[PDB]
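Okay, so here's the structure we're looking at.
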Amino acid sequence: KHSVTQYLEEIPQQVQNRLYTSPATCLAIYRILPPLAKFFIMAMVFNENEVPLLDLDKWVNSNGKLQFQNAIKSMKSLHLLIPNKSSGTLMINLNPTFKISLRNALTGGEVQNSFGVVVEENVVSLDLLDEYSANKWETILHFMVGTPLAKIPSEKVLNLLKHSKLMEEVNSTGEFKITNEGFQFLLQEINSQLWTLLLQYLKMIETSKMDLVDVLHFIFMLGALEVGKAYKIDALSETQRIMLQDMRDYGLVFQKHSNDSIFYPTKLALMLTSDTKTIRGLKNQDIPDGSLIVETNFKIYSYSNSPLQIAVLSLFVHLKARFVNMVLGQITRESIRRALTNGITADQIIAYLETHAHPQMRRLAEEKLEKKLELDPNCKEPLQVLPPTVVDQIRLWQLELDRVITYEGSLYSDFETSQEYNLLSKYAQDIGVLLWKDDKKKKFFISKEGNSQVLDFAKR
Amino acid sequence: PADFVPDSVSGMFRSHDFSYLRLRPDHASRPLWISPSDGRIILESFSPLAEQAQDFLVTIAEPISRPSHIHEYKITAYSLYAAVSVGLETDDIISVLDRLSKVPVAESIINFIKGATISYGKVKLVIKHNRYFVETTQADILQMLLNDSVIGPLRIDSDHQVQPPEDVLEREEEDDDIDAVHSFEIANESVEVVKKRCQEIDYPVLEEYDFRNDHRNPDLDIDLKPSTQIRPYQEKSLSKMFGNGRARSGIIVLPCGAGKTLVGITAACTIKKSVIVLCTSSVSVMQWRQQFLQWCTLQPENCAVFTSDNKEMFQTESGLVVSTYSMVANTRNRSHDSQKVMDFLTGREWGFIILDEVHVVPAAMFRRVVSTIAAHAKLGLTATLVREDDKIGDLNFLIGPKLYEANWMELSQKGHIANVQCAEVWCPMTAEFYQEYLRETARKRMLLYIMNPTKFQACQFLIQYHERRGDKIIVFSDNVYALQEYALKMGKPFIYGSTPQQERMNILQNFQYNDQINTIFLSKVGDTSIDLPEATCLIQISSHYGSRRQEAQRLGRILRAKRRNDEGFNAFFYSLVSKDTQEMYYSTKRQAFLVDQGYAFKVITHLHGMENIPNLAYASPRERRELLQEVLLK
């Protein structure tokens, strides 16, 4: 996942505050900050005064303070606040546009972009207008990953996928195939995928007539609430309505028929952030309508199915003869080698199998789960949750398709005595932050969680 | 000519469609889902009669999958005949299948199951006076027997005799069809021709085995003591061949090296009647008589071993007998000891015949130890599911029905076999091997990854390890130089390439009784064959050793049994492979074999003290390169 949060901080301070102009986008940016950061926002939203850091440091006691550093670092990067070396101390206060737009949007304020929705006869039924949007996703997804029929008609979407290199498919040849980016599309399920595409279109639709605050105000307007009436008609900008209609065409606006009506607030705008329940001629057997087969014998036992889904399954397994309930396919090191040929690491597929194919592997996963976590310290042998035998073959296959390694962090120095390095190393394993070390070199290339706490303990 | 697909017709009936093949109407309300086209029968957790369903499938067919959620279905003609010989109602199985199997019973599948239940023999081989004759319960049976050259022409005109049917059953036809019908007593000579003509004319005969028409005389010098080793698959295999009440010899496909003769000695003793034992070769007759039959209850004073180079006491041997095929019939009919034993074999009436690996030697001589004598029983302790003696008149329908088959899950799991551990170490890669891999695509890379001095090291760790544990180590290394280079690198009294058998035996004596030498290296000369030594820690280096049927053999052959339980995995199987070399494909081929064999298996590439072992000779990539140059010579 590109972690779109890192994009909001990347946009400079003003366009954030420009973004922060709508109490909608004040109230919006608030829910993604880490819970420590959330707690430090609202305090100083209302008490109209800055606060010394010593109090904010004394507010957070021992471990959990790492989230206190997690809170403050994400806080500053997107500049919703202003640190102030006023008298050599640290005077913490919101980027005031955030706090009051929040406070306004808190106490019924002037978020008119937030209040841009309209309430009318909400004729959009629970089943109505999102099956198109759900089918919109189904057709384009079959198009993008490559279905038997790639019914994705989003020309603006297709250019973004090829132009953003969303799928490692030959856009010049029309190929919609899974590359490293296309493999990543197969990993980020609802948020992350809904995150990933929102980034490609922003990169694609960023040359002319962006109006990002309006784009972000319009994006946050359609996903913030069911604009319902007057969303695509009134509560939408010129480029925003084109984005709303483009979001309408992409399904992300379930823009009702006539192309000129209230914001068809499809559920697709909801899922991009909700990170909650995901279930969307006149027949749609669900929810467990999908099916697959993954067991200890390393074989597909398919009884339920879905074409694009089994097309996706076939992207890493041979298909031989689709039967009444089963598709003749057997997962092997050769079968995953179809994806390793594409450079697809055996990493996201790990999380994929534990989540996907479950509608047929419910009992199989449920029998695998066994609740062997409270029994884990009791019966020290976990009962095959989650299946480890597959991943080692994947890892060994990945190791067979491997031999490049690298690490993150930063090399560290000025470790003067062995006691501090020994004491720092000993505490590091307590919280788990040290990749590799050596007393001989007094150097290691890891995160700075070790450096921040020794400085904080020494300084305060 | 004389070949029958029905015995070996297993391996089909797995192909369906989606347009023509509809979802089974039971699919809504059916505990199973019989995929008839795919031949698969998935017995999910929803089947209440899953145990009842599981047994029925195992009879008529072979359950390929036994998954925790659902099982798997496969078709076996021998199973179909065996499930036909199972006796379950063909219609009754189908309906409980149809009601249970949500997938509707396939039309082809339904016909085969009914064809199993009734066919797999509709023959009419009648019997008279508690014996076998040329007759039939059905009419097409009496026609087959009377118009038979062996059944009819070899059949005496007498309808039946209590003693003649008792004695002669034109050999022993203790495998006939339904008796107590119209038939005539057959002679004492030659059911080869009986079976060789039902062979030529394709008479699948619904056969039985009348096990106390395994009577055959006043009681022989048999010591009915069960002191011979008993362990659980043998007894329920016996319980299958002992059936209801009294000893029936069936066909019980048993392995040589897991107490095969033990069921035969018991069934021979149980009948309390004259019995002969036939093993592969005379030299194996002594080996078999040596390595178990004195641990067994058998007193070899009675068991005259015969070679016709080995004259022994024929026609005076008071108790049971152990002879061998090439003796009992062959071009190797080579002193009148042989014939006179056979003259005695015909002379004395024998109740039971224990047979060991009849398949290797042509059935024609077995058909000639089935041409002359007319015992009452045999016992086919076969070793392979499909054999060159699978003629359309199978040796199953001359000894007794199948009681023991490829379903070696019911029986050995009852407590016979111990735990066997298998492992596959990935020897680390070093540039030259790959440069050696790069330069030649040929198979000559074989020893080029075998030589890996790191591979020597891991071996030595096991050596010090199993020496520390007082354990025993088998290494399977067919190289000569790098093995010598390694045996030189270890420096223990070592069995190696072309090891002197006395030195082999000396090292073996210094290996199993003495724990100082706790590492021997078995080259390709171990199989086949030596009297293979006991397996606690098997290491295998060479992995071509084709074909793979041998790799089943070696795995079975090299992993011998161990009466040591000090170690938690008393049969280690190891395979030192240079990772990233030519046999990663073939090392991956061995792993799938073992897990199909079911041996407990693992991978240990994070060796405890891998570089901490003694004798890091050639450890460096340079010396691995240097030994790689050393082995490019080989």
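Within each chain, counting starts at residue 1; across the structure tokens, chains are named A, B, ... in the order shown, with ligands numbered 1 upward in that order.
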
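For chain A, the residues no farther than 8 Å from chain B when using only C-alpha atoms are residues 321, 322, 323, 324, 325, 363, 364 and 400 of chain A.
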
I need the residues in stretch 18-265 of chain A that are alpha helix (DSSP H) according to DSSP; give them as a VMD selection string.
chain A and resid 18 to 19 23 to 29 35 to 46 53 to 59 65 to 77 96 to 106 130 to 145 155 to 163 180 to 185 191 to 204 212 to 224 238 to 249

Apply DSSP to the backbone of this structure and, from stretch 14-252 of chain A, keep only the residues in strand (DSSP E); write these as a list in words.
residues 51, 52, 91 and 92 of chain A

Find the residue from B:280, B:190, B:407, B:605 that sits nearest to residue B:155; use only C-alpha atoms when measuring.
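Answer, going by the shortest atom-to-atom distance: B:190.
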
Polymer residues at most 12 Å from residue B:261, only C-alpha atoms, same-chain spacing of 2 or more positions, as a VMD selection string
chain B and resid 228 to 230 234 238 252 to 259 263 to 268 276 to 279 285 288 to 289 291 to 293 295 to 298 322 353 to 357 379 to 382

Point-to-point distance in Å for atom CA of residue B:399 and atom CA of residue B:271:
15.1 Å

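Across the model, the gap from atom CA of residue B:518 to atom CA of residue B:610 is 18.9 Å.
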
Selected residue, from B:13, B:521, B:586, B:4, that lies nearest to residue B:446 when counting only C-alpha atoms
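Among the listed residues, the smallest separation from residue B:446 belongs to B:586.
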
Close residues, stretch 49-65 of chain A itself excluded, 7 Å, only C-alpha atoms, min 4 positions apart in chain, as a ChimeraX atom specification:
/A:44,69,90-93

Looking at A:202, A:336, A:157, A:119, which one is nearest to residue A:4, with distances taken over only C-alpha atoms?
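That would be A:202, the residue with the smallest distance to residue A:4.
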
Name the residues in contact with residue A:235 at a cut-off of 6 Å, using only C-alpha atoms, excluding same-chain residues fewer than 5 positions from it; report them as a list in words.
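Final neighbour list, sorted by chain and number: residues 116, 117 and 230 of chain A.
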
Between atom CA of residue A:199 and atom CA of residue A:1, what is the distance in Å, rounded to a tenth?
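Here the two named atoms are 10.2 Å from each other.
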
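For residue B:548, the set of protein, DNA and RNA residues having any atom at most 12 Å away, when counting only C-alpha atoms and skipping those fewer than 2 positions along the same chain, is residues 543, 544, 545, 546, 550, 551, 552, 553, 554, 555, 586, 589, 590, 592, 593 and 594 of chain B.
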
What's around residue A:415 at 12 Å? Count only C-alpha atoms, leave out sequence neighbours fewer than 5 positions away in its own chain, and write the answer as a ChimeraX atom specification.
/A:420-425,438-444,450-451,454

Choose the residue, out of B:97, B:89, B:510, B:217, that has the smallest atom-to-atom separation from residue B:52; count only C-alpha atoms.
B:97

Using only C-alpha atoms, which residue out of A:349, A:251, A:189, A:294 lies closest to residue A:330?
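Result for the nearest residue to residue A:330: A:294.
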